[PDB]
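Colleague: Got a structure for you, structure_31.csv, holding CSV, C-alpha atoms.
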```csv
chain,number,residue,atom,x,y,z
A,1,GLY,CA,0.0,0.0,0.0
A,2,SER,CA,1.2,3.6,-0.7
A,3,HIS,CA,0.2,7.2,0.0
A,4,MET,CA,2.8,10.1,0.2
A,5,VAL,CA,1.6,13.5,1.4
A,6,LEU,CA,3.7,15.6,3.9
A,7,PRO,CA,4.2,19.3,4.8
A,8,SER,CA,6.4,20.4,1.9
A,9,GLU,CA,7.7,23.9,2.7
A,10,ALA,CA,9.8,26.7,1.1
A,11,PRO,CA,13.1,27.7,2.7
A,12,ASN,CA,14.3,31.2,1.6
A,13,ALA,CA,17.4,31.9,3.8
A,14,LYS,CA,19.6,34.5,1.9
A,15,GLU,CA,22.3,33.7,4.5
A,16,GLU,CA,24.9,30.9,4.7
A,17,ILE,CA,27.2,29.4,7.4
A,18,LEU,CA,31.0,29.0,7.2
A,19,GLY,CA,33.7,27.4,9.3
A,20,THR,CA,33.3,24.3,11.4
A,21,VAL,CA,30.2,23.8,13.7
A,22,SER,CA,29.0,21.3,16.3
A,23,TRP,CA,25.9,20.0,14.4
A,24,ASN,CA,25.2,16.3,13.8
A,25,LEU,CA,23.1,15.0,10.9
A,26,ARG,CA,19.5,16.3,11.0
A,27,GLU,CA,20.8,19.9,11.5
A,28,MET,CA,23.0,19.4,8.5
A,29,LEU,CA,20.2,17.9,6.3
A,30,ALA,CA,18.1,21.0,7.2
A,31,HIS,CA,20.8,23.6,6.2
A,32,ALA,CA,21.7,21.5,3.1
A,33,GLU,CA,18.0,21.4,2.0
A,34,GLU,CA,17.5,25.1,2.9
A,35,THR,CA,20.4,26.4,0.9
A,36,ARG,CA,20.4,23.6,-1.7
A,37,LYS,CA,24.1,23.2,-0.7
A,38,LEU,CA,26.0,20.0,-1.7
A,39,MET,CA,26.6,17.1,0.6
A,40,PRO,CA,29.4,14.6,0.1
A,41,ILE,CA,28.3,11.2,1.6
A,42,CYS,CA,29.8,7.7,1.6
A,43,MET,CA,27.4,4.8,1.1
A,44,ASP,CA,29.8,2.9,3.4
A,45,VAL,CA,28.3,4.6,6.4
A,46,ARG,CA,25.0,2.7,6.4
A,47,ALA,CA,24.0,4.5,9.7
A,48,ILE,CA,23.9,7.9,7.8
A,49,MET,CA,22.2,6.2,4.8
A,50,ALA,CA,19.4,4.6,7.0
A,51,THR,CA,18.5,8.2,8.0
A,52,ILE,CA,18.7,9.8,4.6
A,53,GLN,CA,16.9,7.1,2.6
A,54,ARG,CA,14.1,7.2,5.2
A,55,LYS,CA,13.8,11.1,5.2
A,56,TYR,CA,13.7,11.0,1.4
A,57,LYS,CA,11.7,7.9,0.7
A,58,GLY,CA,11.8,5.6,-2.3
A,59,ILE,CA,15.5,6.2,-3.0
A,60,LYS,CA,17.5,2.9,-3.1
A,61,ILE,CA,21.2,4.0,-3.0
A,62,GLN,CA,23.0,5.2,-6.2
A,63,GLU,CA,26.5,6.5,-7.0
A,64,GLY,CA,27.5,10.0,-8.1
A,65,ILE,CA,25.8,13.4,-7.8
A,66,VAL,CA,22.6,12.3,-6.1
A,67,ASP,CA,20.0,14.9,-6.6
A,68,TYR,CA,17.5,13.4,-4.1
A,69,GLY,CA,16.0,16.1,-1.8
A,70,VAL,CA,19.3,17.4,-0.7
A,71,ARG,CA,22.0,17.6,-3.3
A,72,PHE,CA,24.3,14.7,-2.4
A,73,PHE,CA,27.5,13.3,-3.9
A,74,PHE,CA,27.9,9.5,-3.2
A,75,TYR,CA,31.6,8.5,-3.3
A,76,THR,CA,32.8,5.0,-2.6
A,77,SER,CA,34.5,3.3,0.3
A,78,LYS,CA,37.3,2.7,-2.3
A,79,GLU,CA,37.9,6.3,-3.4
A,80,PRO,CA,40.8,8.0,-1.4
A,81,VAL,CA,40.2,11.3,0.4
A,82,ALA,CA,42.5,13.1,-2.0
A,83,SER,CA,40.7,11.6,-5.0
A,84,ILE,CA,37.2,12.5,-3.8
A,85,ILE,CA,38.6,16.0,-3.1
A,86,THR,CA,40.0,16.2,-6.6
A,87,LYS,CA,36.6,15.3,-7.9
A,88,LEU,CA,34.8,18.0,-5.7
A,89,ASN,CA,37.2,20.5,-7.4
A,90,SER,CA,35.1,20.2,-10.7
A,91,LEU,CA,31.9,21.0,-8.7
A,92,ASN,CA,33.4,23.8,-6.5
A,93,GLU,CA,30.0,24.2,-4.9
A,94,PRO,CA,29.4,25.4,-1.3
A,95,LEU,CA,29.4,22.2,0.8
A,96,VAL,CA,28.2,21.2,4.2
A,97,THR,CA,29.5,17.9,5.6
A,98,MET,CA,31.3,16.1,8.4
A,99,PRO,CA,35.2,15.8,8.1
A,100,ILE,CA,34.9,13.2,5.3
A,101,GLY,CA,38.3,11.3,5.6
A,102,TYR,CA,38.0,11.2,9.4
A,103,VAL,CA,36.4,7.7,10.4
A,104,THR,CA,34.7,5.8,7.5
A,105,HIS,CA,38.2,5.8,5.7
A,106,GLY,CA,40.1,5.2,9.0
A,107,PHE,CA,41.9,8.6,9.6
A,108,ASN,CA,42.3,10.8,12.7
A,109,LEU,CA,40.8,14.3,13.2
A,110,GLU,CA,44.2,15.9,12.3
A,111,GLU,CA,44.8,13.9,9.1
A,112,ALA,CA,41.2,14.5,8.1
A,113,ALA,CA,41.5,18.3,8.6
A,114,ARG,CA,44.8,18.6,6.7
A,115,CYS,CA,43.4,16.7,3.7
A,116,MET,CA,40.3,18.9,3.8
A,117,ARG,CA,42.3,22.1,3.3
A,118,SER,CA,43.3,20.4,0.0
A,119,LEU,CA,39.6,20.8,-0.9
A,120,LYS,CA,39.4,23.9,-3.1
A,121,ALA,CA,35.7,24.4,-2.3
A,122,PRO,CA,33.8,26.0,0.7
A,123,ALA,CA,32.8,23.4,3.2
A,124,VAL,CA,31.0,23.8,6.5
A,125,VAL,CA,32.3,21.0,8.8
A,126,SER,CA,30.4,19.3,11.6
A,127,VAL,CA,32.0,17.3,14.4
A,128,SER,CA,29.9,15.3,16.8
A,129,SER,CA,31.4,17.2,19.7
A,130,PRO,CA,31.7,21.0,20.4
A,131,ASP,CA,35.1,20.6,22.2
A,132,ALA,CA,36.5,19.2,18.9
A,133,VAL,CA,35.3,22.2,16.7
A,134,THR,CA,38.2,23.9,18.5
A,135,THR,CA,40.6,21.1,17.8
A,136,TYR,CA,39.6,20.8,14.1
A,137,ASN,CA,39.8,24.6,13.6
A,138,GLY,CA,43.2,24.4,15.3
A,139,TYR,CA,44.5,22.0,12.6
A,140,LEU,CA,43.0,24.3,9.9
A,141,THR,CA,44.9,27.2,11.3
A,142,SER,CA,48.2,25.3,12.1
A,143,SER,CA,48.7,23.3,8.9
```
Taking this structure as input, can you express it in the form of structure tokens?

Modeller:
Amino acid sequence: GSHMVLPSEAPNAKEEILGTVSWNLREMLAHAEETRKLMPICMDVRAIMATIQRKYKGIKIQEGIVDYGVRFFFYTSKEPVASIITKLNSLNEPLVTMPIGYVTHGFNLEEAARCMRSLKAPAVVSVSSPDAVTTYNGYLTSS
């Protein structure tokens, strides 16, 4: 059985956020939707996917630039952090994401942050702790 009606709504925020923040996932999906900003995601992290694909029904994982509610970019477990960054160079869109090559691909916060300066596109970053926005910003300042 099927029926799909919901409160669709129009975001109109002229503004945009920069730097790292201490958001999580739903906060991010809101701002992403709001601004139509681009969201790099890794299908590897099924925990993230089990939220997205449920918030944006009927989707059944894809690869590539996933226009599905939010503008996503689905890059593999197998693509290195420098390679996905090189790809994102062509797009050069304002992003909002978590520190990409931090945990799915086995890094540390430092190694993540360094690699992320090599991204030549704007990117709001979200760490799952406030006390780490400081640390992460610190790497972005110090390397």

Colleague: Output as JSON lines one row per residue of range 28-49 of chain A within 6 Å of range 76-98 of chain A: the closest atom pair and its distance in Å to one decimal place, counting all atoms listed in the file, sorted by chain and residue number ascending.

Modeller:
```
{"residue": "A:37", "atom": "CA", "partner": "A:95", "partner_atom": "CA", "distance": 5.6}
{"residue": "A:38", "atom": "CA", "partner": "A:95", "partner_atom": "CA", "distance": 4.8}
{"residue": "A:39", "atom": "CA", "partner": "A:96", "partner_atom": "CA", "distance": 5.7}
{"residue": "A:42", "atom": "CA", "partner": "A:76", "partner_atom": "CA", "distance": 5.8}
{"residue": "A:44", "atom": "CA", "partner": "A:77", "partner_atom": "CA", "distance": 5.6}
```

Colleague: Pick the closest to residue 101 in chain A from A:41, A:20, A:72, A:32: which is it, counting all atoms listed in the file?

Modeller: A:41

Colleague: If you take only C-alpha atoms and a cut-off of 9 Å, which residues of range 4-45 of chain A touch range 121-125 of chain A, and what are their nearest atom pairs and distances in Å to one decimal, in chain and number order, as a tab-separated table?

Modeller:
```
residue	atom	partner	partner_atom	distance
A:17	CA	A:124	CA	6.8
A:18	CA	A:124	CA	5.2
A:19	CA	A:124	CA	5.3
A:20	CA	A:125	CA	4.3
A:21	CA	A:125	CA	6.0
A:22	CA	A:125	CA	8.2
A:23	CA	A:125	CA	8.6
```

Colleague: For a test of reading the model, state the distance in Å between CA of residue 70 in chain A and CA of residue 33 in chain A, rounded to one decimal.

Modeller: 5.0 Å

Colleague: Give the answer as one residue: which of A:57, A:46, A:14, A:71 has the shortest atom-to-atom distance to residue 29 in chain A, using all atoms listed in the file?

Modeller: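 Smallest separation from residue 29 in chain A among the options: A:71.
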
Colleague: How many Å lie between CA of residue 43 in chain A and CA of residue 61 in chain A, rounded to one decimal?

Modeller: 7.5 Å

Colleague: Show which residues sit within 12 Å of residue 45 in chain A, as a CSV table (one decimal) with C-alpha atoms, in the coordinates of the input. Count all atoms listed in the file, and ignore same-chain residues fewer than 4 positions away.

Modeller:
```
chain,number,residue,atom,x,y,z
A,40,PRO,CA,29.4,14.6,0.1
A,41,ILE,CA,28.3,11.2,1.6
A,49,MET,CA,22.2,6.2,4.8
A,50,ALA,CA,19.4,4.6,7.0
A,51,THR,CA,18.5,8.2,8.0
A,52,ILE,CA,18.7,9.8,4.6
A,61,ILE,CA,21.2,4.0,-3.0
A,74,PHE,CA,27.9,9.5,-3.2
A,75,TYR,CA,31.6,8.5,-3.3
A,76,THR,CA,32.8,5.0,-2.6
A,77,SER,CA,34.5,3.3,0.3
A,100,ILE,CA,34.9,13.2,5.3
A,103,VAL,CA,36.4,7.7,10.4
A,104,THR,CA,34.7,5.8,7.5
A,105,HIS,CA,38.2,5.8,5.7
```

Colleague: Identify, on the basis of all atoms listed in the file, every residue whose closest approach to residue 143 in chain A does not exceed 9 Å; exclude the query and any residue fewer than 6 positions from it along the same chain; express the result as a list in words.

Modeller: residues 113, 114 and 117 of chain A

Colleague: Smallest atom-to-atom distance to residue 115 in chain A: which of A:8, A:99, A:129, A:31, using only C-alpha atoms?

Modeller: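 Among A:8, A:99, A:129, A:31, it is A:99 that comes nearest to residue 115 in chain A.
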
Colleague: Can you list, as an MDAnalysis selection string, every protein, DNA or RNA residue that comes within 12 Å of residue 10 in chain A when you count only C-alpha atoms, leaving out same-chain residues fewer than 6 positions away?

Modeller: chainID A and resid 30 33:36

Colleague: Quick one, how far is CA of residue 48 in chain A from CA of residue 26 in chain A?

Modeller: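 Taking CA of residue 48 in chain A as the start and CA of residue 26 in chain A as the end point, the length is 10.0 Å.
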
Colleague: So which one's closest to residue 58 in chain A, A:24, A:137, A:2, A:128? Using all atoms listed in the file, please.

Modeller: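 Closest residue, counting all atoms listed in the file: A:2.
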